[PDB]
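Structure first, then comments.
Rule-based calculations on the coordinates, nothing more; no lab input. Cβ placement follows ideal geometry from the backbone for every residue including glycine, while neighbour counts extend to all protein chains displayed.
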Amino acid sequence: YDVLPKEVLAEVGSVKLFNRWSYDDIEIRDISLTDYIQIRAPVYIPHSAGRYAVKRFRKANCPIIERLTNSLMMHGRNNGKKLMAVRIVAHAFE
Amino acid sequence: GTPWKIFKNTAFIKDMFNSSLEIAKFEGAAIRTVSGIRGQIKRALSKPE
Amino acid sequence: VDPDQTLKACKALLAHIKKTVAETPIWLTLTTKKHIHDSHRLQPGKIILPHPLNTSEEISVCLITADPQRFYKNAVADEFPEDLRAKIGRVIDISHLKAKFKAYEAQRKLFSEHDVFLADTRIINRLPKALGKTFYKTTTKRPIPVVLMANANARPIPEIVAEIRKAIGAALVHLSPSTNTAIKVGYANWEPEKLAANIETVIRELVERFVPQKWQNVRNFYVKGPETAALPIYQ
Amino acid sequence: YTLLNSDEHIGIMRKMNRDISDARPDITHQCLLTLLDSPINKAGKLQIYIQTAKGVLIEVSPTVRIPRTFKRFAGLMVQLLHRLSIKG
Amino acid sequence: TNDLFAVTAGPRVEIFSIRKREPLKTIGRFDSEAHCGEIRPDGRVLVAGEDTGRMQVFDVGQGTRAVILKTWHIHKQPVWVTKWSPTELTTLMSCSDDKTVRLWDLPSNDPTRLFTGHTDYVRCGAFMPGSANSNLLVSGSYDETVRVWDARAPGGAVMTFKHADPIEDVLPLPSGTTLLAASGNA
Amino acid sequence: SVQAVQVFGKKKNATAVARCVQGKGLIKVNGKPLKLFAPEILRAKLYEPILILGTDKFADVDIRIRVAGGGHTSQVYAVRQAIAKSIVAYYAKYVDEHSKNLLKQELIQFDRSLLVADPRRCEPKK
Amino acid sequence: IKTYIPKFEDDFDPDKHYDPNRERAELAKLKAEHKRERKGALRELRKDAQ
Amino acid sequence: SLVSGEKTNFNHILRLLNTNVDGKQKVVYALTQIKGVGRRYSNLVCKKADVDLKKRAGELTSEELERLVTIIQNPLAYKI
RNA sequence: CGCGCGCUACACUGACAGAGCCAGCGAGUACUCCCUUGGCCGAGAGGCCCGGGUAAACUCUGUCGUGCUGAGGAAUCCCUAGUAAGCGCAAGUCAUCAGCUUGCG
């Protein structure tokens, strides 16, 4: 530990979304969507500042939960609250 | 009159007119300070009549 | 200066006022003969009255500290539940004050909420710009000094509680750079003998503590109602 | 201001030659009557829409008692068409 | 290892602490009463049946959390006991008051299985602990009957026992063979 | 004499001075510790570089960071960039070049924005 | 179902305001006519100034 | 088979001074349901009558209900 | 009277109370929102004193629970990456613009 709380120190082994949920055995059901659902590339929380809309099919490489947050922030009142978006997704997964 | 609020250039002037009617008669007018600064009455203000 | 003249003038002024219903603050205007210059004399203070200026039935003070608000909230949650936890509604540090209250509407809501205000002498010099002009300049609801002075560098807590007990019922003393000022003394619904004792000690402490060049610089004291005429007591 | 029926504007429409039997509000009137008195409406299992040929959708909720008389119905329909909603 | 135990009393439950023995949080979202508030073997989710027939299941944290996860309103008549399954973390049983006990799955919005056979109020229930008895329920009614059902055959009671008293309480033993039916004076 | 490496981190208008000295292992940001400085949901984006490189790499360094400018997300990205660039430059300057290459390899395999700040220029489809 | 009666005016037209109290209705109409006449005077005086 | 259910009959519509309808919501929200009373006002009412805010409406005794009636009747003879 | 452009209001995206934590452009001996009841010192003109009319946001923690306490038709117009949209702070630059305009984050 340099400065890390107890939960992250416990789950220092590999990379887990919101420091609780695994990526190890996540089976996808359709061979059609195994190319376009990105769960090979792990992430810690969905808020990743990327330019995933420069050309075609870069949303085919941004992760799936980032897409879930970025589609949750879709109305005329929650257009910028991405921290609200990731809080909502964390709550829903719990 | 007398200046009311003074920005860098534009300035609002209070105790000179009684109504927007009189100002809209004297729109585009050649106002002048005591110091020698020329100026122009441009547009009536609204909220203080 | 004589309390007989003072009592007859105050009785006649109470009669002039009379001829819920009253609720008018009677005060006295001090006038001096020379300009006042020293900022340490411009520093506002308080005068303890033998009849406290407050009713103290539902009035809720707001206390303003400087050193950690957590420590002062700890002290108010620890010490005294009889009158002090009944009357202290909020303690706010000056940092939290400048943080949470810069807005016109917010400080107007706070002014509407609380009943009377106390602050420390190390904060009064920052207060008038901090609190709004609608909070400070207009009406007498303005903070009264307390001495919270020797991890907060604070005087010990029981003396602090005694200090608050005094300063809730004390009367404010604000000075102007000009040669005129006015200090509240009471209401019109009170008894004029109590008014006489109050104005007597107010005169004594004002001349002997605050007005520089004690009785050389002194001049006229006019007892006055809010909108009526002024009655003379020269000095 | 009145609905366009074949009751009074028959001469105008016959003059200008546009489909005298198509401006028929009485059909919508009697159909709204039938469906608002049918017992499934009282049961509440009903929901009625109107598509008027200018393209306007009119949602009608079961909780309304439409006026029986065609004149009141016409005045009501005009007020609805010009103010987008009708309060109870 | 946890520090929570719950007491239901009236229209509110009160989750207590074990170490401090102080009521940690009083939950009063209920409509009419609260008959059995049981927290999961995980230790995070409390279920309680009300007197209006509904049963509420809600998440409770180590502090002040009362977040309603699900509700069911199928009984329409008081629910006297709900219990979790000790093995499966998402399956629960519920003895209502009318004639029914029923097994619920938590994600679904309908009972997994329905069990009848009693004739009066049924008011005590339990799962059968042990390895071999994976899916066996026991319930005691007020019709002087303790019935034990298999959850594989949704018919009648696999075994029944008829006392002469109103049967108030039942516990299995952790050994899985013997059972205690508390009924009347004995 | 004493080993020290200063490095800069950038975001929209959030800049991050990170000075790394041989130390017991602590990491401070504006004096306050790292587990404290963030809004309580971006702390994982702060712990991402330490969690990639393991704690044994940060066992010997002491990182003190100052930040100013920009909003919350911007400051958080500036601090994680300063952390990553600090440990990579310290391993470049005071331990073996092979270890520097392995660290930079793991960080780039995760995300390039840990090292080279890519600003958002204006160039829409001309 | 508790049916309700649609509140609507019989002789409808969009050009006439509808309000029960003649006092507040007259006050609003006078304010609007005063505003329109003042705007017309301001426009005419502005054109004269130009 | 005898346990005193002397408290279970509280999901009934209570009667009060102006409204004859006041269900079981809470003490302060029931007094908010009472016409002419605000929320902070009802909080002041409950704190004056020393009735615990945890307690529901219909969990009260008749003397407590009656002194609540007296202190909503006169707000001045009690301090305010 | 009509037409658009902006501005405001219209509740789950709630209210209340606490705790914590973030910007950038901005410095002409220059800037003040009134008008008055009284009173002081003013032969007179006034000045005094007292009354009346460095962010928003966000995050975390609790108290309470949808309650005139309802987000906009036909049509028509625009928009493709730091773009739409939300948010506030500053300035007022010889034309235009305070019912607002332009900057800046």
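Brief remarks on what is shown
- Considering only residues in region B:13-22 that are away from every other protein chain (no Cβ under 14 Å) and of a type outside the set (A, V, I, L, M), the one that is farthest from RNA strand I (Cβ to nearest atom) turns out to be B:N18.
- Selection status of D:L4, within 16 Å of RNA strand I (Cβ to nearest atom), surrounded by 14 or more Cβ atoms within 10 Å (Cβ to Cβ), outside any loop (DSSP other than H, G, I, E, B) and not β-branched (V, I, T): no
- Residues (within 16 Å of RNA strand I (Cβ to nearest atom) and of a type in the set (D, E, K, R)) located in region D:55-87: D:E59, D:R83, D:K87
- Residues (more than 11 Å from every other protein chain (Cβ to nearest Cβ) and either outside any loop (DSSP other than H, G, I, E, B) or within 18 Å of D:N5 (Cα to Cα) (or both)) located in region D:43-68: D:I48, D:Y49, D:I50, D:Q51, D:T52, D:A53, D:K54, D:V56, D:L57, D:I58, D:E59, D:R68
- Counted residues, region G:11-44 - those being surrounded by 11 or more Cβ atoms within 10 Å (Cβ to Cβ) and either more than 14 Å from RNA strand I (Cβ to nearest atom) or within 11 Å of the chain's Cα centre (by Cα) (or both): 8
- In region A:5-25, residue farthest from the other protein chains (Cβ to nearest Cβ) [restricted to those that are exposed (fewer than 11 other Cβ atoms within 10 Å of the Cβ) and not in a helix (DSSP H, G or I)]: A:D25
- When region E:13-24 is filtered for residues that are more than 12 Å from every other protein chain (Cβ to nearest Cβ) and surrounded by 14 or more Cβ atoms within 10 Å (Cβ to Cβ), the ones remaining, listed by number, are E:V13, E:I15, E:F16, E:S17, E:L24.
- Within the option set B:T10, B:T33, being within 11 Å of RNA strand I (Cβ to nearest atom), away from chain G (no Cβ under 14 Å), among the hydroxyl-bearing types (S, T, Y) and farther than 18 Å from G:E44 by Cβ holds for one residue only, B:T10.
- Where strands (runs of 3 or more DSSP E) sit wholly within chain B, those with at least 2 residues that are loosely packed, with under 13 Cβ neighbours inside 10 Å occupy B:3-6, B:29-32, B:38-41.
- Counting only residues that are outside any helix (DSSP H, G or I) and either under 18 Å from C:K137 (Cβ atoms) or within 7 Å of RNA strand I (Cβ to nearest atom) (or both), region C:92-117 holds 7 of them.
Each row is one residue, and each column tells you yes or no for (1) of a type outside the set (D, E, K, R); (2) in contact with a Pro (Cβ under 9 Å, 6 or more places away or on another chain); (3) under 13 Å from G:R46 (Cα atoms).
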position	(1), (2), (3)
B:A11	yes, yes, no
B:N18	yes, no, no
B:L21	yes, no, yes
B:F26	yes, no, yes
B:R32	no, no, no
B:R43	no, no, yes
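- Selection status of D:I40, within 14 Å of RNA strand I (Cβ to nearest atom) and within 14 Å of another protein chain (Cβ to nearest Cβ): no
- Only one of the numbered conditions (1) more than 15 Å from RNA strand I (Cβ to nearest atom); (2) away from chain E (no Cβ under 13 Å); (3) not β-branched (V, I, T) is not met by H:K47, and that is (1).
- Of all the residues in region E:25-43, those that are in a loop (DSSP other than H, G, I, E, B) and within 13 Å of chain H (Cβ to nearest Cβ) number 8.
- F:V61 being aliphatic (A, V, I, L, M), under 12 Å from the mean Cα position of the chain (by Cα) and surrounded by 15 or more Cβ atoms within 10 Å (Cβ to Cβ): no
- Residues that are within 13 Å of another protein chain (Cβ to nearest Cβ) and surrounded by fewer than 15 Cβ atoms within 10 Å (Cβ to Cβ) within region A:57-74 comprise just one, A:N61.
- Boolean, F:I27 is of a type in the set (A, V, I, L, M), in contact with a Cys (Cβ under 7 Å, 6 or more places away or on another chain) and more than 13 Å from RNA strand I (Cβ to nearest atom): no
- Any hit, region H:56-75, residues being of a type in the set (K, R), within 14 Å of chain E (Cβ to nearest Cβ), part of a loop (DSSP other than H, G, I, E, B) and at negative phi: yes
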